[PDB]
Each structure stands twice: as structure tokens, then as C-alpha cells.
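Worksheet: one structure, shown below.
Protein chains: 4
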Amino acid sequence: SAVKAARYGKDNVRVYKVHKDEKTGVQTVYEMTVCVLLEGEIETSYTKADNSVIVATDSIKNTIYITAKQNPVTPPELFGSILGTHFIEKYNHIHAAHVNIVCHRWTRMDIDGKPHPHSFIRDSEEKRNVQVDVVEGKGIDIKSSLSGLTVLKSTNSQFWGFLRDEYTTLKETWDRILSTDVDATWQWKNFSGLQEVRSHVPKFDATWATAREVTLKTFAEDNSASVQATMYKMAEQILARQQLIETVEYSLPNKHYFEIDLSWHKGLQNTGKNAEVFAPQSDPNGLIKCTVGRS
Amino acid sequence: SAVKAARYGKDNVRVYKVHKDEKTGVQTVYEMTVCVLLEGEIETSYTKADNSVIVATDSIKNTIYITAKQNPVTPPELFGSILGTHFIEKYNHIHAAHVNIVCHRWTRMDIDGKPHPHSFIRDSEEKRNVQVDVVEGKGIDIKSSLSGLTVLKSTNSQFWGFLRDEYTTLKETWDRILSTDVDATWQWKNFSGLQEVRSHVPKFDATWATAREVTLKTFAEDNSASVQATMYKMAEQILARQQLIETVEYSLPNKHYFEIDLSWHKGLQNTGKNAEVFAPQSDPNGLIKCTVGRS
Amino acid sequence: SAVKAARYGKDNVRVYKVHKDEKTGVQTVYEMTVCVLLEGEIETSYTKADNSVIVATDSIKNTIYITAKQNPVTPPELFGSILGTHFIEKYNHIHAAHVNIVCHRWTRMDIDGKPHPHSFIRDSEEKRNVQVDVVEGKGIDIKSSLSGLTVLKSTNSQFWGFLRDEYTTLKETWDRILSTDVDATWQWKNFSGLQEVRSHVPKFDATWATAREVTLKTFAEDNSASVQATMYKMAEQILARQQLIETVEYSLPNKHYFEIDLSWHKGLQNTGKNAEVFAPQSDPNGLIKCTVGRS
Amino acid sequence: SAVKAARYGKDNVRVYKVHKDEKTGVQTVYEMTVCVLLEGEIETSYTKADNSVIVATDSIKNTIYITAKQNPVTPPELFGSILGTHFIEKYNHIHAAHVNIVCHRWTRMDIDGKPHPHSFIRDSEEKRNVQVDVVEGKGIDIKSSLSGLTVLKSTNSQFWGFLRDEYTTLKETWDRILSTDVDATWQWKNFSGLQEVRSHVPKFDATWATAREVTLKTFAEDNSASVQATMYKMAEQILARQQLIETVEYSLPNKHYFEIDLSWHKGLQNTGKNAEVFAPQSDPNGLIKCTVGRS
Ligand SMILES: O=c1[nH]c(=O)c2nn[nH]c2[nH]1
Ligand SMILES: O=c1[nH]c(=O)c2nn[nH]c2[nH]1
Ligand SMILES: O=c1[nH]c(=O)c2nn[nH]c2[nH]1
Ligand SMILES: O=c1[nH]c(=O)c2nn[nH]c2[nH]1
Ligand code: NA
Ligand code: NA
Ligand code: NA
Ligand code: NA
Numbered sequence: 001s002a003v004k005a006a007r008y009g010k011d012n013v014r015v016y017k018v019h020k021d022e023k024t025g026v027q028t029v030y031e032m033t034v035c036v037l038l039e040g041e042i043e044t045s046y047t048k049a050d051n052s053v054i055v056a057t058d059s060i061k062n063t064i065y066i067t068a069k070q071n072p073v074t075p076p077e078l079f080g081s082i083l084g085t086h087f088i089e090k091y092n093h094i095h096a097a098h099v100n101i102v103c104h105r106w107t108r109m110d111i112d113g114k115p116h117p118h119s120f121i122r123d124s125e126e127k128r129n130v131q132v133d134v135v136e137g138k139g140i141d142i143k144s145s146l147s148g149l150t151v152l153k154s155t156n157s158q159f160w161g162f163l164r165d166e167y168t169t170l171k172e173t174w175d176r177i178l179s180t181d182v183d184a185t186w187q188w189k190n191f192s193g194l195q196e197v198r199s200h201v202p203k204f205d206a207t208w209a210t211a212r213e214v215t216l217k218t219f220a221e222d223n224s225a226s227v228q229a230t231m232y233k234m235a236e237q238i239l240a241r242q243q244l245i246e247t248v249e250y251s252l253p254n255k256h257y258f259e260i261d262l263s264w265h266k267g268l269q270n271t272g273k274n275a276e277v278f279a280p281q282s283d284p285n286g287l288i289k290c291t292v293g294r295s
Numbered sequence: 001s002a003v004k005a006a007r008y009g010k011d012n013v014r015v016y017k018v019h020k021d022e023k024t025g026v027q028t029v030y031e032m033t034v035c036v037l038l039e040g041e042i043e044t045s046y047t048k049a050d051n052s053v054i055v056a057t058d059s060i061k062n063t064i065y066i067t068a069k070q071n072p073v074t075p076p077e078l079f080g081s082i083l084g085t086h087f088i089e090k091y092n093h094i095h096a097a098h099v100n101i102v103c104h105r106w107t108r109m110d111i112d113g114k115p116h117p118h119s120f121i122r123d124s125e126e127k128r129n130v131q132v133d134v135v136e137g138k139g140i141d142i143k144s145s146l147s148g149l150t151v152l153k154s155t156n157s158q159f160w161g162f163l164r165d166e167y168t169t170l171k172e173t174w175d176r177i178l179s180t181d182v183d184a185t186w187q188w189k190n191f192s193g194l195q196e197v198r199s200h201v202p203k204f205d206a207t208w209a210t211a212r213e214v215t216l217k218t219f220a221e222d223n224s225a226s227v228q229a230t231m232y233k234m235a236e237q238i239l240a241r242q243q244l245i246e247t248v249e250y251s252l253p254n255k256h257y258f259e260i261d262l263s264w265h266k267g268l269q270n271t272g273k274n275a276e277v278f279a280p281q282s283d284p285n286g287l288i289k290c291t292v293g294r295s
Numbered sequence: 001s002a003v004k005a006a007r008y009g010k011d012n013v014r015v016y017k018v019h020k021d022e023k024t025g026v027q028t029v030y031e032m033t034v035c036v037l038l039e040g041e042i043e044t045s046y047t048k049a050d051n052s053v054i055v056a057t058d059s060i061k062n063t064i065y066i067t068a069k070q071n072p073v074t075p076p077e078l079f080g081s082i083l084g085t086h087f088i089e090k091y092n093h094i095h096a097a098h099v100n101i102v103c104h105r106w107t108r109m110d111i112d113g114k115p116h117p118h119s120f121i122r123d124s125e126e127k128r129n130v131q132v133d134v135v136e137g138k139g140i141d142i143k144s145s146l147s148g149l150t151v152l153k154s155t156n157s158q159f160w161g162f163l164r165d166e167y168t169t170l171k172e173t174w175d176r177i178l179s180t181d182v183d184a185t186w187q188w189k190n191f192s193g194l195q196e197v198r199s200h201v202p203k204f205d206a207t208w209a210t211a212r213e214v215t216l217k218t219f220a221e222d223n224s225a226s227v228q229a230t231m232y233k234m235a236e237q238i239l240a241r242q243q244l245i246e247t248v249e250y251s252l253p254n255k256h257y258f259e260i261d262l263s264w265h266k267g268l269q270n271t272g273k274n275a276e277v278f279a280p281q282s283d284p285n286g287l288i289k290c291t292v293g294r295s
Numbered sequence: 001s002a003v004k005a006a007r008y009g010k011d012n013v014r015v016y017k018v019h020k021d022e023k024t025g026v027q028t029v030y031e032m033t034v035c036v037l038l039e040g041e042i043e044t045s046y047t048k049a050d051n052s053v054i055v056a057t058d059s060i061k062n063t064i065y066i067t068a069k070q071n072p073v074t075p076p077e078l079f080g081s082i083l084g085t086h087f088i089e090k091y092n093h094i095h096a097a098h099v100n101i102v103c104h105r106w107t108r109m110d111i112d113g114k115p116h117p118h119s120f121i122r123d124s125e126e127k128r129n130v131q132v133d134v135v136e137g138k139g140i141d142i143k144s145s146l147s148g149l150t151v152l153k154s155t156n157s158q159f160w161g162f163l164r165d166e167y168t169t170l171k172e173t174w175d176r177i178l179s180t181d182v183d184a185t186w187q188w189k190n191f192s193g194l195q196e197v198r199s200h201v202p203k204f205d206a207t208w209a210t211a212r213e214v215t216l217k218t219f220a221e222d223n224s225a226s227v228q229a230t231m232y233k234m235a236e237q238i239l240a241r242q243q244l245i246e247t248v249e250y251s252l253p254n255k256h257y258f259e260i261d262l263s264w265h266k267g268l269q270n271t272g273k274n275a276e277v278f279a280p281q282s283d284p285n286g287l288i289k290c291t292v293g294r295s
């Protein structure tokens, strides 16, 4: 037998950092969960019990905190690139670092109409994520994403004209509820190294904001023919607005809300045009994916 | 042996209801999870296999949907009272109904500065809850709550002056992070029945809004001496603002964020006044509770 | 306003302890999650910011580890009683301690037919729990439980003869699936203090074993008329087998598995006597409770 | 823009099936959660709102139940292959089906020493999984796995001899706790189609059993130099025992249990040779992966 692939590191490293403005007294907090996995010339730790090649996962943990102390943690695309580059430069036998960061929301509180200097609220479990792969001699590949953005529209979704055969019971509809948890990922063109990532720093937050805005507006305004058709419209717009993105991927569950026929009870009318009360279904769910790139 | 207590019913009943304004085209959605448990002269279903006394839990499920079809589902204090009253009036041998409702957030989307007529976002897993106990001949007891409101302040929390003995290692501090998930419950004076609940309908939403506002403002503005001291200030204010509340209960975890000493690495300074990077602790956590009533 | 009730302490304290037999080389591990909440003359920490009355929750955490170091951690009824008694005896102004322990399974591995000396498997998320309330001058109240015991029987469950009215759609049945997650609690007679708890130590493990065995055998062998009727049979037997128990409480969800009518597809027969494929329902679920005591 | 990749289908489809032996009265249950995602000539549903190419996800759901009715659901490698083949053969424009099955444990109860005919227990959340990719003209690729197998050994794990530099604080050790949740995947050689999968049916259960046995025995008996070294020993043995496997992949968290220094309290000794009470750490955790193949 032979080792075909190997990677190891530290997962679930929670990190908080505060920035304090001395002039204004305003504080800003960042909280993330970080995973770092390394690859390189480490096969002998597996095959020969040779620990000499292992940067201990505990040391990887220390490195994450030290790196956060000495560098900006925002945008996460930059922090992840700094962190991955550290490992491939510091250790001769480590040739790739894979950094995943999940950013948690701490949104500044408004008290009596004004922004509070040091108090924050978690408004939703929506996350902003990055996956950064730093590979020696092959540059830096960054995939940015938002996830856990849960939305619902109560009308202006349709689904008709699909294939009907002996396995089909679903009725065509011209008016249904559409609800989903949005997972959207935009993949950046390869960067040559950290200097190039630094050169594009302002584009990261702006592109996240664009992706989020296009997602919400398209969802709200599209008279949706299907999840497929609506998601493609989102992806097309993001690609149009940022030239440095190569592909956009969406993964959307279709979280079903079923009509409840109550006609058995005193002829009560609660279907079609009369539908007011619905039963949200926890499972199963549709799952629709697409990756959109450039012609 | 004898049956000392018994209750049974349906849990985890998900319900969605849409309201459609014909004039304006505006739609408003409500989504809840409902539990209804009944008590009464039902001992023989347990002791003698006498199912004749059982209102099937499936029928309880049907009743929840029918009731939501025929009645307002907001405020949840009212809906829960209607639902509980139904069971004690309809069935001679059922003498108490216990209704728990969890309300999920569907907040209207703002697109391009304006409120969208039929699109919604789940902004946070914060819930608004009610527990309604409808007991034949003893009226209606309602406990209203908010839960899952997660907040953090990065300074203006202290903790010193506590008992020190041979079990104590904690250092006194004049500046720490304070973060919690707020669970707050206000208990209404007993209502004589549904007519009385109806008479107070406007107070329910207003008191929820007050409770939330007092919680956020007090948390943000108090230079906190302890979780104990800050929570008492919250409770005192809520009681002052609504005469029909008898008690307020808070249950607050203290979600610890630890300093990280980095001095072992190149004398890096990251403690006390120099603390910038912290380690959020998943467990253990402080848990602090208090029930405040009137003198 | 006044403080009507208050308790505070440390939750989610994970503890592991190993016992090593020097003669045999056999090791035995215990893992628990512990919560300790204190009550007493502590109102002024809430009302006056007087921290002098607060045993810091961090110190409570230290005390749990020290107590586990110096005492047996099994049976958990004993450990919880030692731990609660410590707080009321050590601190003059603390008058009640409430200790909750969840015990996690680490079952010795069998390798090649023999028990391994130091390797363990988590066979299921079933837990054994205790709640111990130690109240100065009122002794020690212990509630022991098992929870998360998930079972299913594929036949020999019936449900017919229930109330039918205009809210009823459920069909009577003489053969259904019954599946539940068992939560069973037995409440001990009050103990005068630690000496009395010590005197009954062997009864704790034996009664847990009895409760578990009676639950499984009754579930498997009863031709169940309802969840109500089967659960009562369990409780009756436990009370008969241990005189020192005052009450037994069961809380059982009815986890529904629905028939799937496939007759629309080529007349396929999959209902009643022909039912082979079913759809497990995640929600809603029946919830049935009863507390059984002595005549 | 262009569609670069697309797949869609139904996730989280819960399925239960019972087999009833008429001669013996013995019943056997199977419960699974199934996901099926399709690919093919479906781009126009995304780009042109052309639903004519869409096999509705609801129909995919129906197909799963019908297929379970008409075919064995065990071993899951076979069921997944039947299910995936159905879609590529039935629909001309569908060219790949991706089937994921999670099998849940329902283990026959032993009552009074004998196996019960129709009662089952969920002994642990360990799962047996398959991923089956059926691709038109390219055969059937099957990855089988076990996951959620949680184990701990209290001694006979070491970790010393790792790289030490200015980022390192971890002390070398010759005796520690090792605990993990095992995720192990074996990838079968490509099969030409369903006839070939059928020809190997007995190997599926036998190889799962082997993988599980080798995992448990190696974990228990290895005097572990590292997670890396122990996991490689597992993989090597599985490959040796089944020629039709091409690669074995393990992904193992290192779930840390920390010593607790209690020496500050009355000189209490609880470290090194005196360590009895430990603090399980929920996070962070090491994560160690390797894929082993044939020379
Ligand atoms: O078994 C281990 N492998 C590792 O790579 C490691 N790093 N810290 N502790 C460790 N233990
Ligand atoms: O065992 C049952 N008990 C009940 O109360 C019930 N209600 N619906 N189905 C039921 N099954
Ligand atoms: O606010 C606090 N209250 C407490 O009771 C406590 N105990 N440790 N830290 C604490 N912080
Ligand atoms: O938007 C949808 N897309 C689909 O593929 C589908 N299948 N069933 N319902 C559906 N809705
Ligand atoms: Na390198
Ligand atoms: Na009544
Ligand atoms: Na005392
Ligand atoms: Na095909």
C-alpha cells in the first residue's frame, strides 16, 4: 500500500478580535471559526511513525492566534491568504495550506436611533465564508461564499410544464410559496501570491455585498418559473458585475409548504385561491444546484 | 398504583398562515410551532385501556389548523387562548389545555429602500413565545417570552469583589467582554377567560416590544457590575412599564471569552490593556437566573 | 420590585475520570456533564451590586473537579449528593444546591471475544441522569432518569376505540408501527442527608438496571392498546420492584410512520396487510406523559 | 454566461421497509435517508425557463418509494445501484444519477436471552453509508462508508518527536487519552453496470463488517505513535483483505481531553502519573486525513 493523499491540521478554532479606536472610542468586533489543513512531504508520519515531519496541530492553533494578533482579520479573503502563505513559507516540507474561515455576524446595535460604540447583536445565523488554498508554486485560489440566508416569498412563484409520466403525481401550479436557504459561492481567478491578493483587497467586501444584494433583489422581484430559472438569473448578474470572478455556484433547497385540504370539516375552503393556512414540511426537500461560468 | 398526573397531546405542529390585503396587494406571513397538551378525566386510558376518553392527538393536530383558519393567529397570546378554550369547552371531560407557541421571524424585505409586498427574510433565530394554560374554572394564565436574542458588548462589564477562598482562582477584573443569549419571560395576571384576554389584546405586542427594547438598552448602557446586577435593572424597568405583569424572569448564560497569553512568543503582548485576540469558550458557561416581582 | 427567586451557577461542565486497577491493569472511564445552581442569601448581588455574597461560578467549576478527584463519581446519585452537600455546608449563606448530572456511555469494547482493558465505545446516545436538590434542613431529593432510549416495534401495536367527532380523520387500526424515545424518571423518597444516601448506595445502579429492563421487556411484549396503556404497565412494575421510589414519570413521543398509498402507480399494493414501505414523519409527533404513584 | 455544471433532485427522503417471514413470524426492519441528484441535458430549465426537461423532484421522491417496494433495500450498494440505473435508463436526456444513502441502526432486541421477533433498538448513531454514481456509458462507481463510530482509549497512545519551533508549546507525552469519531470510506473498483454489481452482492456486507472489525481491533491494540500512524495501519489491513477495493480513506478528529492541574488547591496531585480527572474539550480539535491505495 501507499499514501495517495494526506492532509491534517486543526478544525473548529474559534477566534474573536476587537479593534479599538482611541480617538472616537468606537470598538468593532470580529468573530470567526477557522480550520487549517496542511499537505506536503509528510507521508512518513503515517507509514513509519516519523513525527519529525509533523507541525503539531496544537502549534497550528497557536499560529492562528499569533497571526490574528499581528494582521488584519478582515476581509477574510486577505486573512486566509496571509495565514496559508505563512505555512508554506515557514516550513520547507509543507507545500499546500487549506484555510477555511466562517465569519459570524456581530452587528452594531442602534440604541435610540444612534449606533452604539461597543454593543452588538447577532442578527441571524447567516455566515460569510472563505476557502483559501495556498499551493507552493501555483498561487492562491479563493472561493468566497455566503450561506444560511433564509428567505420566503408568499406568491409570484410558479411551477408548471414539467415532464409527466407514470411516476408523476405533482399538480402544476401558477401560484405557490417559495422558500430556501441560500448558499452562494463565487470563485476568484487564481492569484499569483499575497502581493496580488493585497492589490485587490477593496474588491472582496464589495463583491460580497453585490452577491448578497443581487440575491435578495432577484429573489424578491423574479416571477419565478422554477428555482432553476431564478438562480441562473442571480448568477448571471454577479458575473456581469465583477470581472475577477470566474464562476458562481448556487445550491438551493426547495423548502416545501403544503396546502391543507380542510373541506372534510364543514366544507371549509383552504386550497387554491382560498389557501391561507399551510403546513411547512421539514423533509424531504428539493435540492437544486448550478455552476455558471463565462462563455 | 395510581395515576397522579397525566397529560397528552401533539407537539411540533408547524403552522404557516398568510394574510392578503386585496386593496394594497400587501401580504403578511406568520409561522409558528405549536404544542397542545390536554388534561382531564382520562386516567382510564392509562389504567384500563379505555380509549373512549381520548381525543386523538391527530384530531388535536386537525383542530390547530382549523382554528388558525378561522381566527387571527396574532398576537400569539390571543391565538393560544382561543385554542386552549376550544378544548375545555368542546369536551366535557377535558378540564385543562396547555398551549405552547413558538413564533419564527419572517421580516419584510427592503428592496431599493422600499418594503416589499410579499418577500421576507429570517433575520435571526430569536423567537417570541407564549405558554397559555387554560384551566376550567380557574381562567387563563399566560407567560410571554423572548428567547434566542444573542448579544455581546466588548467593554463596560466588570466583575470584582466576589468571595475568595481556597476554591478560588478567578482574577478580579474591571474590563471584560460580556455576551449572553437572552431568555426573558413576563407572567400576566390571571385572566378570567377569553373575553378578558380580548379586552387586553393591544397590550401584548406593546409589552413584547417594551421588554425587547428595555433589554437591549439596559445591556448596552449599563456599566455592568455583574450579570446579576444588570439583569435586575432590566426586570425592574419592565415591571414599571406594564401594570398587568406580575413577575419577570430572566435566565442568562455567561458566554465566556478568555484572554490568550502570547508572551511566550517573542514577548507578544495580548493581555489586560493589550488584549485584542480572545478565545470564545463553548463550555462551560455561567448560568444566572432571577425572578422579580412586586413589593 | 423585589427578588422573588434567584439561582445561579455553572452549566455544561464536562468531566472525565479514569479508575486504574494496579493489580489487573484494567481501566474504567466515566464521563459526565454537570450543572450546579445555588440559592441562598444572595439577593443583594442583584439589587445592590454586592458581589461579596457571590461564590464565583468559576469557583463552582473548580469545586466540581476537586470533588471528582477526592470522591467516587459513581453512582451519580451519590456523587451529586456529595457535591450538593459541600456547598450548603461550606458556605453559611448558601442554603440550597441543585445538581444535574448527565452520564455519557463509554462501554468496554469486546475484541476477539474478550473485554478490552482500556478501550471503549459510545454505544448510543442513551443517557443516565440525576437531579439532586440539597436543601438546608430539608434533606436530599433525588430524581433519577434514563433518556434517549430509542426503540421501535413493527407490529403488535393497535389504536382503536378513540373519540370520533367532526375534528376526527384518523382511521382506527389493529396493526401499526410504534416507535418512541423513552424518558423515564423515578423519584426517591426524601433522604435525611448524606449518611442516609450512603446507606442506600447499592440500590441506585440496581434500580436503574430494573427500570431499563422493565421498559424494554414491556415495550417488546405488550400487545399495545395505546402508548398510554403500555407506559402505565411499565411504571406499575417499577414501583412494585423498589419500595424506596415514590413516583415514576414517563414522557414518550409517538414517532409516526405513515403508510404510503402507491395504488396510483400500476395498482401497486402497499397499504394495510400489504404495507411494506413507510414514510417516517419527522414532525409533528404525539407526546404522552404520566406520573404514577402509590395508592 | 453559460451553465458549466448542474444537478438537481430530492434530499432527505426518509424510507422505512419491513420484511415479514410468514413461516417463522420474524420481522426485519430497514430505515434509510436517501438523496438522489440527476444530471443530463437540462441546461434549458436554467437558461430558458424550459421545464419540459425536468423530472420533478416530487416524482424522484415517488420513484424512491416505488423502487424500495419492488426491490431489496439491502445491501445499500445494490439498492443505490438499482435506483441510479433506473433514472439513466428511463429518461433519454438524463445521463448521470448520484445516489446517497444513510442507513440508520435498528438492532434486534434481546429479551430474556432470546432475539425478539419484531422489536428493535437504536444502538448508537453510527451509520453505514453509500455514495453511488451511475454515469451513462461509464458504469457505476460506489463509495461505501461507516461514520459516527465514537471510541476512546484511556492509555496506550503517545505523541512525541514532533517538530518544535517558536510556535510550539505542546509538551511531548508517552501516555495520553485518544478519542475520535471514525469516518472510513472504501472505494470499489468501477463496475460495468448492474449485472456486475449483482455478481458481487455478498462482498458488500462482508467488507463493511471487515472494515468495522479492523477499525476497532487496530484502535484497541495499537500502541499508538500518532493518529496518523494508527489510521494507516487500519487502511493497510482493509486493502489486504478485499481485492476489489481500490482506495481506503479515513478522516479522524482528535478529540482532546486535557489534564487539570489542581496543585494550587492543597497541593492536590492530578497531572502525569497522578492524572485521574480530565476536562474534555469540545473545540478545537485535530483533524487528520489520509487516502491509502495500492502500490
Ligand atoms: O496524534 C496526533 N497527531 C498530530 O498531528 C498532533 N498534533 N498535536 N497533537 C497531535 N496528535
Ligand atoms: O397511542 C396513541 N395514543 C394517542 O393518544 C393517540 N392519538 N393519535 N394516535 C394515538 N396513538
Ligand atoms: O457576572 C458574573 N456573575 C457571576 O456570578 C460570576 N461568577 N464568575 N464570573 C461571573 N460573572
Ligand atoms: O422549482 C422547482 N424545481 C424543480 O425541479 C421541482 N421539482 N418539483 N417541484 C419543483 N420546483
Ligand atoms: Na514550503
Ligand atoms: Na371541559
Ligand atoms: Na449553608
Ligand atoms: Na439516459
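Chains as they are written, first to last, in the deposited numbering: chain A, 1 to 295; chain B, 1 to 295; chain C, 1 to 295; chain D, 1 to 295.
Note that the Cβ used here is the ideal one computed from N, Cα and C, for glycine as well.
Residue from the options whose Cα sits closest to the Cα of residue i
i	options	result
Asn62/D	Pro72/A, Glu136/A, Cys290/A, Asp165/A	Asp165/A
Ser81/A	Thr107/A, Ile42/A, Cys35/A	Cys35/A
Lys138/C	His95/C, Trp160/C, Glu125/C	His95/C
residue 296/B	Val292/A, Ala279/A, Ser295/A	The displayed coordinates of chain B run from 1 to 295. Any statement about residue 296/B would go beyond what the structure contains.
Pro115/B	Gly25/B, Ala49/B, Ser1/B	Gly25/B
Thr57/C	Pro72/B, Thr28/B, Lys171/B, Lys20/B	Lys171/B
Residue burial classification, residue i (beta-carbon count within 10 angstroms, cutoff 16)
i	result
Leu244/B	exposed
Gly193/B	exposed
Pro202/D	exposed
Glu89/B	exposed
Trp174/B	exposed
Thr169/B	exposed
Residues in the region 120-153 of chain A having any Cβ partner in chain B nearer than 8 Å:
Answer in chain order: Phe120, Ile121, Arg122, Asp123, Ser124, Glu125, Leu149, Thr150, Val151, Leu152, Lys153.
At least 3 beta-carbon pairs within less than 8 Å: the region 9-17 of chain C vs the region 275-287 of chain B
yes
Three Cβ pairs or more, each shorter than 8 Å: is that satisfied between the region 94-101 of chain A and the region 125-143 of chain A?
yes
Tell me, please, whether the region 222-236 of chain A touches the region 154-165 of chain A by the rule of three or more beta-carbon pairs shorter than 8 Å.
yes
List in chain order: all unbroken alpha helix (DSSP H) runs of 4+ residues lying wholly within the region 69-102 of chain A.
Here the runs fully enclosed are 76-90.
Uninterrupted beta strand (DSSP E) stretches inside the region 107-141 of chain D (no shorter than 3 residues):
107-111, 114-121, 127-135
Against chain A, which members of the region 92-117 of chain B pass a CB distance test of less than 7 Å?
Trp106, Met109, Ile111, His116
Meets three-Cβ-pair contact criterion under 8 Å: the region 39-59 of chain B and the region 72-81 of chain B:
Result no; under three Cβ-Cβ pairs closer than 8 Å.
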